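All values below were derived from every heavy atom in this structure, side-chain atoms included, with hydrogens, water molecules and symmetry-related copies excluded. Chain naming here is simple, since letters A, B, ... match the order of the sequence lines and numbering starts at 1 in each.
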Amino acid sequence: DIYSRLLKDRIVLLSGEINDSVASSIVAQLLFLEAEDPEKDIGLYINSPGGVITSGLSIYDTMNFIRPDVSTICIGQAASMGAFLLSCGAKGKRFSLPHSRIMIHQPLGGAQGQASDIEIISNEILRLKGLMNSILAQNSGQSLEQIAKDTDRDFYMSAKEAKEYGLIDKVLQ
Amino acid sequence: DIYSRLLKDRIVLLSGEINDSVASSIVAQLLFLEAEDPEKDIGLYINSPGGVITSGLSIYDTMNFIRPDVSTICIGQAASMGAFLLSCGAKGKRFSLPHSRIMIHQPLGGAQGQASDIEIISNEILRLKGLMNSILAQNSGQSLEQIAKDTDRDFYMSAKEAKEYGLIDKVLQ
Amino acid sequence: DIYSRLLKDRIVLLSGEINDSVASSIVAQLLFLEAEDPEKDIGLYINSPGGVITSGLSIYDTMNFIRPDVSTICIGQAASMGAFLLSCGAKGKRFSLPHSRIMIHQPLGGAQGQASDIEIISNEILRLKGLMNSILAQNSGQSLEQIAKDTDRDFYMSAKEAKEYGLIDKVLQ
Amino acid sequence: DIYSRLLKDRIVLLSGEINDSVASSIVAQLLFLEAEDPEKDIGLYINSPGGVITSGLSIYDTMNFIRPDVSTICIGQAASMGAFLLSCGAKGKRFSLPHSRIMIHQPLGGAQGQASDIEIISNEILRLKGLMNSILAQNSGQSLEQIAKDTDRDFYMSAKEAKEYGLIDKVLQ
Amino acid sequence: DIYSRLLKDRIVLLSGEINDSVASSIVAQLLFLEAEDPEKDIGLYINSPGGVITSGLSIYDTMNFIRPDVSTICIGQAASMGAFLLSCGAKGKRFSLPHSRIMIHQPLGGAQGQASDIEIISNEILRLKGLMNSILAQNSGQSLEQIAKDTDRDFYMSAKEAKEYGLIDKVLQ
Amino acid sequence: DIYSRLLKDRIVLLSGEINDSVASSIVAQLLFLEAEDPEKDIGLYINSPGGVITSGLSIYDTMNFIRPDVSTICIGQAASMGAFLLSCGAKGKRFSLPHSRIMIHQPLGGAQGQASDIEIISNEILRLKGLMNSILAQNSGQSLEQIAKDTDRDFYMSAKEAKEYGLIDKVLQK
Amino acid sequence: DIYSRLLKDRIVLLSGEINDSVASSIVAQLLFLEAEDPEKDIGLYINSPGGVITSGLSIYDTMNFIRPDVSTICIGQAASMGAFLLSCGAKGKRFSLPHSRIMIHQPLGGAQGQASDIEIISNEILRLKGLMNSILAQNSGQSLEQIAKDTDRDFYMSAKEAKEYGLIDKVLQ
Amino acid sequence: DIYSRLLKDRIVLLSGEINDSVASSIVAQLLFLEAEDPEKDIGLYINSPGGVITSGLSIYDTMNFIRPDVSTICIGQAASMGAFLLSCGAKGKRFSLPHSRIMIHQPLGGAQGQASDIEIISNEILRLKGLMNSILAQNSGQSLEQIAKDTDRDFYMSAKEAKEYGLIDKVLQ
Amino acid sequence: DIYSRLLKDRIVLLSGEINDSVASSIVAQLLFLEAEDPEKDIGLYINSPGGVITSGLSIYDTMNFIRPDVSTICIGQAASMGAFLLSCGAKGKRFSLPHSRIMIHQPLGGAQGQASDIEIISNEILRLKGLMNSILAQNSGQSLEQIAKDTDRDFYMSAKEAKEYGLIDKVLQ
Amino acid sequence: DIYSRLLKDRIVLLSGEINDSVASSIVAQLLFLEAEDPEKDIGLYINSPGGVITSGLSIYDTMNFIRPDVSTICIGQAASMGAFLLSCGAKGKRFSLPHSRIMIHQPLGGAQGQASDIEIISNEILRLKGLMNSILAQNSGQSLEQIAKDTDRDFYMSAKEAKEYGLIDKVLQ
Amino acid sequence: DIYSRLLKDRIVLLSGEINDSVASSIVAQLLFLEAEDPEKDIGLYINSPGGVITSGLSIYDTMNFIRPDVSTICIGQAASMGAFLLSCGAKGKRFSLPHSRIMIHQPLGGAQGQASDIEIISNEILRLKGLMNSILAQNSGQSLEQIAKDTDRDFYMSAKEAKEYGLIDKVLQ
Amino acid sequence: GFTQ
Amino acid sequence: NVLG
Amino acid sequence: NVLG
Amino acid sequence: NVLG
Amino acid sequence: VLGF
Amino acid sequence: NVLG
């Protein structure tokens with residue numbers, strides 16, 4: 001398994017849409033690598049257009065749950081949850097290749113049913129929106145107010161602008 | 001045309017799902033009758049499962065917009081917007097047949113997209129929820145809080161119970 | 001126009017499935033025939049496998065809403081809500097052709113959602129079960145108990161079996 | 001496999017919706033783990049939106065049927081049956097990561113056919129409803145009417161709020 | 001025909017979504033009425049959720065193209081292009097019934113193909129966005145800045161609020 | 001009937017996409033009016049996104065065929081074959097309400113099968129492209145290299161710009 | 001209708017895909033005009049892409065069966081069976097408008113099943129191919145060998161070329 | 001793989017419809033048994049309803065291509081190209097089990113498009129008709145015209161009848 | 001593995017439709033068989049109806065890319081691109097079994113969109129058609145003009161005819 | 001494993017459509033080949049019609065990211081994103097087999113929603129168009145404005161022309 | 001593999017519908033068992049609702065073809081072709097479990113097309129019908145007339161009843 | 001079928 | 001179309 | 001058909 | 001679900 | 001794609 | 001997701 005071989009070197013690839021099965025895989029590899037060597041860094045390459053929030057946070061937490069530093073490297077693109085995850089990399093160890101594309105935005109979703117259920121779902125999505133912008137501000141050094149304003153609609157950035165924005169630490173030349 | 005023959009006696013039949021097309025049709029019959037003679041009562045027979053809220057409100061308002069007193073008679077059933085309309089009939093002229101079923105509940109709906117857009121839709125639906133609740137409370141003499149609590153979930157009742165609640169005036173025999 | 005010419009003679013056909021639109025067509029005809037002559041009898045020929053309960057009750061209540069006697073004539077068949085309406089004809093005027101078949105049973109339906117809602121729907125379908133068992137009983141010399149037992153499942157009868165059971169008054173020949 | 005490499009460490013991952021197939025896999029892993037060392041603890045990581053109740057109940061009853069303690073760790077989310085299972089963890093060993101969401105609600109279902117059969121389903125659903133809330137009160141410390149009142153409509157909460165509510169014992173900060 | 005009879009009283013009625021087919025019927029009736037009498041006012045009742053931009057424009061211009069004053073009356077609702085047309089009525093003759101809801105927003109559309117073809121569609125929709133915002137600011141008395149601000153997302157408002165925003169002149173009690 | 005009635009006033013309405021069934025109706029009404037009075041002008045109201053080239057040309061050729069002058073009025077929009085037809089109205093009789101949108105482009109089509117068949121189609125659509133860039137040039141007063149350049153991709157214009165451009169003669173205002 | 005008023009001026013409009021249904025209408029119109037003035041000319045306007053071969057032949061044969069002369073005018077386009085019927089017009093009375101398009105080609109068809117049946121069908125399509133090309137040869141003056149060559153694949157021509165070719169007598173202006 | 005084991009015993013199974021994929025698998029096995037031992041016999045068991053002509057022809061030819069004698073045994077059925085292949089087995093080594101049925105016929109196919117393309121396909125399939133009728137007579141001893149006559153329509157026959165016809169050499173009792 | 005085993009003897013099978021998938025697999029096998037021995041001959045057996053042109057050319061160039069002689073053997077059929085590849089076999093080593101069928105033709109494809117794009121596609125496909133008629137003429141010793149003429153439509157031929165035409169060198173009897 | 005084996009010889013195959021999944025495979029194969037030996041050339045064979053731009057750039061950056069030179073060889077075709085990667089190989093090592101085709105064009109995409117969102121997407125696809133024409137001019141030696149003009153529409157060319165354009169360095173005769 | 005394991009004990013499982021694919025896996029298994037030991041009994045457990053005729057016929061013939069006695073054992077059920085095969089087990093070793101069902105009937109099939117072909121298909125199934133009946137007769141001791149009439153329609157029977165009829169020899173306890 |  |  |  |  |  |  002060309003991927004298992006890379007896992008052998010502490011490299012994990014998070015490619016494509018983020019859902020529960022994709023999150024469980026990433027989380028499983030994250031636990032496996034902490035068991036092998038709790039002290040060596042982990043390289044998490046990201047090329048994701050985003051995905052399910054709770055699945056994404058699942059990866060977010062675990063990253064900060066195990067002992068090893070998890071570096072993030074953006075290849076191709078890091079959109080939505082992908083971007084969020086890219087920004088959660090070990091401070092100082094979050095990178096991006098020269099021509100990557102990073103995009104952050106507000107949560108997407110839907111509700112159907114009684115006014116009460118719609119209201120409840122509406123509130124929860126607002127909970128997530130606030131929660132994620134907040135973590136975004138902390139990771140980039142940007143203010144919550146600024147994150148909220150910039151993510152109202154799809155905000156695209158080049159790798160260089162992503163560094164300048166604080167979502168990432170360095171661009172590999 | 002029979003349905004047309006009944007319009008001649010000032011009888012309008014509202015049956016089935018309520019939407020813009022059906023609503024327009026009723027409205028046209030209300031306006032026409034008014035033109036014919038603005039003082040003669042009108043009989044609005046209602047057998048409806050409910051439907052589109054803005055569609056129902058157009059019917060509601062047109063019944064009060066015109067000169068003729070619009071008597072409502074519930075046959076088969078009058079649920080949701082159907083029951084709302086039945087209760088908007090002319091005071092003391094809101095009837096129902098002995099074996100009719102009447103049901104009132106909170107609005108139903110859906111929303112999809114950005115958290116921002118979902119919220120605004122949630123607010124708009126909660127606006128109709130409160131607007132219609134206040135109207136049912138007013139129409140029945142019932143309290144707002146009492147109306148709200150009873151329409152949290154589908155609230156069914158007999159023609160006789162409907163009269164007691166204050167939704168109709170008399171049950172015919 | 002056929003069906004129309006038969007209306008000038010005061011006969012209305014309830015043929016096929018029963019739903020709001022079919023009902024509206026029937027009550028409209030009943031209302032029209034009354035305006036015409038609140039005296040002469042009305043022949044309600046029935047060949048139906050049944051339909052939506054509330055749709056049926058609206059025909060029922062209307063039958064006994066107008067002044068002219070509503071006699072029913074069963075041709076082909078009267079199953080479920082069909083047999084119900086048959087038995088609701090003017091006591092003494094409920095007929096049936098020799099080879100027709102009658103069938104009575106309990107209500108059918110469905111419920112989806114939260115347990116709280118399924119319970120409400122379930123309670124309402126049961127409320128309609130008892131309601132029709134009672135009316136059915138009264139329309140025949142049967143007891144509420146005898147009806148509740150024979151309708152638990154499809155109960156097919158012949159015309160003569162229908163006369164003796166008490167659903168129709170006589171079988172023409 | 002990688003999940004297998006984790007099974008050796010008595011770690012079991014429960015991801016996605018719960019059904020017979022998924023449950024079956026969990027039970028087998030629980031049976032295996034204790035049939036490998038009835039003393040060492042088991043770690044049940046959960047990221048699920050819920051699913052079939054009887055499927056969930058088989059997992060629950062197994063977690064207690066075996067001997068080793070089955071601690072529960074919530075990553076990403078634990079909703080409905082997912083949340084139920086999380087709370088069923090070895091008293092004192094129910095954990096959750098920082099940004100995991102937890103959600104409780106009443107059961108959902110359906111029923112079609114004769115009123116008798118709908119009533120039987122409605123009753124069975126209300127039964128499992130009572131059983132669920134009952135077991136929930138015992139796991140959290142909340143009262144039975146407190147739980148019943150809170151599980152009417154989806155009730156979302158942060159890991160922190162779940163620790164306070166008593167569904168979990170600690171949040172791995 | 002009921003609708004055709006109201007047309008005789010110079011009433012048109014929009015109702016339903018707006019597309020080329022619907023617009024052409026409206027225009028025809030407007031031109032027709034002008035032929036029958038270029039001095040007598042016209043009552044265009046609107047209950048619409050909106051529709052194709054250019055289709056609505058054809059109605060807007062035909063209104064200002066003919067001699068008779070075209071009053072507008074919102075029943076049920078007037079959203080998107082529906083609200084635009086409501087505000088375009090003859091000054092002093094733009095009305096609504098008490099419970100109608102009015103909603104304005106920005107354009108919605110689609111594009112696919114070469115980056116060049118997409119820039120062209122995006123540009124064209126932007127041109128339509130500015131055109132309608134100015135006309136809308138022009139019909140209500142609001143400044144272009146305020147309209148652009150309030151229509152960025154769905155802006156729902158009652159008939160009263162719509163009157164106070166300048167969209168309509170009076171609300172018939 | 002609302003449309004039959006307006007037809008009694010020499011008003012013809014072209015609404016929606018153009019296809020054989022729609023052009024046939026338009027031609028039928030055009031021929032009819034000339035049989036009523038081959039002298040009085042005709043009012044062709046257009047609100048269309050375009051359609052089948054062939055079907056558009058039948059309408060166009062019939063407009064010039066009959067004797068009556070055919071004035072065109074654009075309401076809503078006139079795109080592709082719609083703007084082409086609008087620009088074919090009797091010179092000085094081409095109009096547009098103030099908020100209409102006019103759009104012109106090159107033709108669209110499909111092609112499948114053997115290379116030989118694709119070439120035939122390719123050539124036949126190019127022939128139609130050149131023929132219409134000529135009719136447009138002729139109707140607007142623009143050069144043939146200008147029509148070619150502007151119609152390479154979708155070219156949107158407001159009523160005023162369409163007049164400046166030459167596709168219409170006057171923008172009727174409120 | 002409009003088409004029925006042109007049928008009063010000896011005008012027939014053959015538009016769209018030719019098939020048994022349409023040919024029956026064209027035919028009936030010709031027979032009808034046969035009934036009326038059997039010496040007056042007929043104006044058959046053609047805007048067709050082609051159609052069922054046999055269907056087209058029913059129109060061709062009928063044109064030559066009735067006594068009235070059938071003038072054919074090509075508006076829009078005349079391709080395949082339509083170019084065929086256009087060329088069958090009365091000698092000297094076959095026209096086209098300046099911008100039409102005329103296209104001729106060989107029959108198209110299909111066959112499935114046993115080798116024997118495919119050969120049977122192949123022979124028939126070949127026969128029809130020979131018949132058609134033969135009539136096109138007579139009609140235009142071209143030779144058999146020449147028509148077979150040009151009709152091998154789609155042959156598109158302007159109104160002028162169509163004249164030079166012999167399919168059309170004159171081009172109106 | 002069970003089939004793989006039987007392959008070591010030089011047995012090959014041809015079951016179901018023949019197509020390129022299935023044909024190529026048979027060819028590959030025949031080339032493998034060839035390379036394994038070019039002197040020993042190969043056993044081709046056939047149970048097929050037939051299939052693609054060229055696919056069968058590649059098997060027929062590969063059968064005579066390689067050195068090993070290829071016996072054929074019909075089990076179940078050998079119809080169309082299936083019977084054809086059976087008769088292509090090595091002389092004196094064409095077998096069948098007692099209750100197996102053998103059926104022969106003429107080729108089946110399809111043609112769609114211009115008359116010229118249908119002709120080409122028609123000729124090609126007939127060529128394949130004559131070609132295989134030949135090999136059939138050769139293999140059967142039967143004469144061409146007789147084979148031609150008997151394959152006009154599905155010719156069904158018993159194992160004995162296939163033997164008497166010359167398709168099979170012996171019926172393994 | 002059957003194919004893996006024949007690959008050992010340098011036998012590569014090209015069966016069925018040709019697209020990028022099968023092309024990259026044949027390409028790989030050929031690259032493999034060159035690193036195993038750049039001297040020994042390779043036997044490429046072709047049973048194909050054709051496929052994607054570029055996919056096909058990938059095989060042709062690879063055949064000439066490597067040093068080993070790539071002999072071609074036709075079993076079943078070789079049509080279009082299949083026949084093309086067959087004819088591209090090492091000079092002197094292009095074979096075919098006795099009952100195989102070879103068919104050559106011109107390229108097929110499609111174009112949709114703006115005149116300019118259809119035109120670009122039409123020129124590309126024609127350029128491809130020229131390219132292959134050239135190679136096809138070069139391989140069979142025919143005039144570029146002859147191939148274009150003979151391949152205007154489907155040209156079928158037996159193994160024998162194929163050799164006489166120059167597409168192959170010998171027919172292994 | 002045919003593909004795995006070629007991998008051991010530092011051969012990577014890029015065939016068919018390019019998407020996140022396929023990109024993740026190539027990236028992984030490149031990372032591996034670097035760990036394996038950071039100083040040996042790697043050969044990337046490309047036969048692709050193109051695909052997702054970001055997926056395409058992930059490969060591009062990775063190619064430059066790693067230490068080993070990555071030579072590119074076009075075999076079937078390198079269209080769009082495929083032609084882009086081809087031109088991205090190490091200078092002096094960009095090859096193509098004769099008969100391969102190269103095609104470069106501008107990016108393609110789609111957008112739905114509010115004018116604001118369509119504007120955001122259009123600008124973004126335009127950022128990517130400029131970014132790619134830019135690198136394309138840097139790889140070929142062409143001026144940016146020249147790449148922008150010949151790329152406006154699909155630009156097809158042979159290996160030789162591609163070589164003169166500067167997309168590759170040599171055609172492997 | 002559980003199934004392969006039971007194969008070492010000479011146990012074959014024929015469960016589910018019978019078709020060529022399933023028949024082939026069975027024939028193969030039998031052929032293999034006779035290889036591994038042409039003298040030891042084979043255990044054929046049957047639970048099938050039946051299937052294709054020639055498919056079961058190949059299984060039946062293979063059973064008497066090999067040297068080993070094939071003992072048939074019915075579990076669950078044996079119907080149509082399944083019952084047929086059960087009765088074809090080695091005399092004295094045709095078994096069935098206590099609660100299995102056995103059913104026999106005449107063959108099912110279909111024809112479509114010309115009457116010549118329909119006739120041909122008809123009497124072909126009549127042939128297979130006769131063959132089957134007769135084989136059942138001589139397997140059960142029943143007369144052809146008895147069998148023929150008992151299979152005119154579905155004939156279900158229990159295990160002990162199956163012994164009485166002669167389809168099986170013993171019912172294991 | 002047969003179309004011209 | 002484009003609705004706004 | 002052919003549009004544009 | 002909820003897409004972040 | 002374009003085929004042969 | 002856009003195609004290059």
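Residue contact with chain J, scored on non-hydrogen atoms closer than 4.5 Å, involves the backbone and the side chain of E:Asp152 alike. In this structure, the portion of J:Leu126 lying under 4.5 Å from any heavy atom of chain E is its side chain and not its backbone.
Contact record, J:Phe84 with J:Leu136: CD1-CD1, 3.7 Å, taken as the closest heavy-atom pair. Closest approach of J:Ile102 to J:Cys74, counting heavy atoms only: CD1-SG, 4.1 Å. In this structure, J:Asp154 and J:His105 approach most closely via the heavy-atom pair OD1-ND1, 2.8 Å.
One distance of note links OG1 of J:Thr151 with CD of E:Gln114; it measures 10.0 Å at 0.5 Å rounding.
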Q) So J:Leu6 and J:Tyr45, side-chain contact (heavy atoms from CB on, under 4.5 Å) or not? Walk me through it. A) CA-CA 11 Å; J:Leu6 290 190; J:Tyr45 291 75; over 6 Å; no
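Inter-residue side-chain proximity for E:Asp41 and E:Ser71 is flagged as unmet; no heavy-atom pair is nearer than 4.5 Å.
Partner of J:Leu44 under the side chain to side chain contact (heavy atoms under 4.5 Å, CB included) criterion, out of J:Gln29, J:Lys93, J:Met63: J:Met63 alone.
Among the residues in residues 155-173 of chain J, none has a non-hydrogen atom closer than 4.5 angstrom to a non-hydrogen atom of chain E.
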